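Protein sequence lines correspond, in order, to chains U and 7.
Last residue of the first sequence: 85 in the deposited numbering, with the numbers rising by one and none dropped.
Last residue of the second sequence: 116 in the deposited numbering, with the numbers rising by one and none dropped.
Idealized CB from N, CA, C, for every residue including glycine.
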Amino acid sequence: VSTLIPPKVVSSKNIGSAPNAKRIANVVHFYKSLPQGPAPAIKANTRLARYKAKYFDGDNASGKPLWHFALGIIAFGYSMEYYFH
Amino acid sequence: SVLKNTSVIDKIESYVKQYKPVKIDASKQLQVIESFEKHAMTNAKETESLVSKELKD
Numbered sequence: 001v002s003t004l005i006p007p008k009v010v011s012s013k014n015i016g017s018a019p020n021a022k023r024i025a026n027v028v029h030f031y032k033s034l035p036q037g038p039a040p041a042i043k044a045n046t047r048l049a050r051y052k053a054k055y056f057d058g059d060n061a062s063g064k065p066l067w068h069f070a071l072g073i074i075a076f077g078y079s080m081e082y083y084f085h
Numbered sequence: 060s061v062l063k064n065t066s067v068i069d070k071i072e073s074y075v076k077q078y079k080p081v082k083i084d085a086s087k088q089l090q091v092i093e094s095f096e097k098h099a100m101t102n103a104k105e106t107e108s109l110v111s112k113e114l115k116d
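Structure below.
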């Protein structure tokens, strides 16, 4: 009809409602993120925890970490047979 | 002068000179222009500020 403001209508809606939702998820995701792998908390030792944080730790995760249980139970069971048999 | 007995070239020129302003211009845009400018400028400023804020975010 006459003059208007075709571009200035970005007030009524920002570009990309789906991109806006994605970016809003991105802001919460990236902001509420550790600076560089923060909050590790690996070490622990209290009676059994000295074995948990050492033997159930994934630095090795080899076969001996489970085999310690077998060796210990064998130590218990040999005395069990000695007191039993 | 090419019309020796026109007897109306005087009258025709009289009407011509007296019809110097057949009418006026119409620059009636004095508040419509202001309102259009206000709406456009506020909307565009909101858009530009939103764009800058999006850039910063």
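Flag this pair as yes or no: are the beta carbons of residue i and residue j separated by less than 7 Å?
i: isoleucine 5 (chain U); j: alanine 99 (chain 7); result: yes
i: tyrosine 55 (chain U); j: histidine 68 (chain U); result: yes
i: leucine 62 (chain 7); j: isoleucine 68 (chain 7); result: yes
i: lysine 64 (chain U); j: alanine 53 (chain U); result: no
Provide the residue span of the alpha helix (DSSP H) that contains residue i, from first to last.
i: residue 135 (chain 7); result: Since the displayed chain 7 opens at 60 and closes at 116, residue 135 (chain 7) lies outside it and no answer follows.
i: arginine 23 (chain U); result: 17-31
i: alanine 44 (chain U); result: Run containing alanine 44 (chain U): none; DSSP gives neither H nor E here.
Rank the options by C-alpha distance to the C-alpha of residue i and give the top, closest one.
i: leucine 114 (chain 7); options: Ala18 (chain U), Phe84 (chain U), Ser2 (chain U) and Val27 (chain U); result: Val27 (chain U)
i: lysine 112 (chain 7); options: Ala39 (chain U), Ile74 (chain U), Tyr51 (chain U) and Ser11 (chain U); result: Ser11 (chain U)
i: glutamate 96 (chain 7); options: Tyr78 (chain U), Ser79 (chain U), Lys8 (chain U) and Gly77 (chain U); result: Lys8 (chain U)
Going by other Cβ atoms of all chains shown within 10 Å of its Cβ, with 16 needed for buried, is residue i buried or exposed?
i: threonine 106 (chain 7); result: buried
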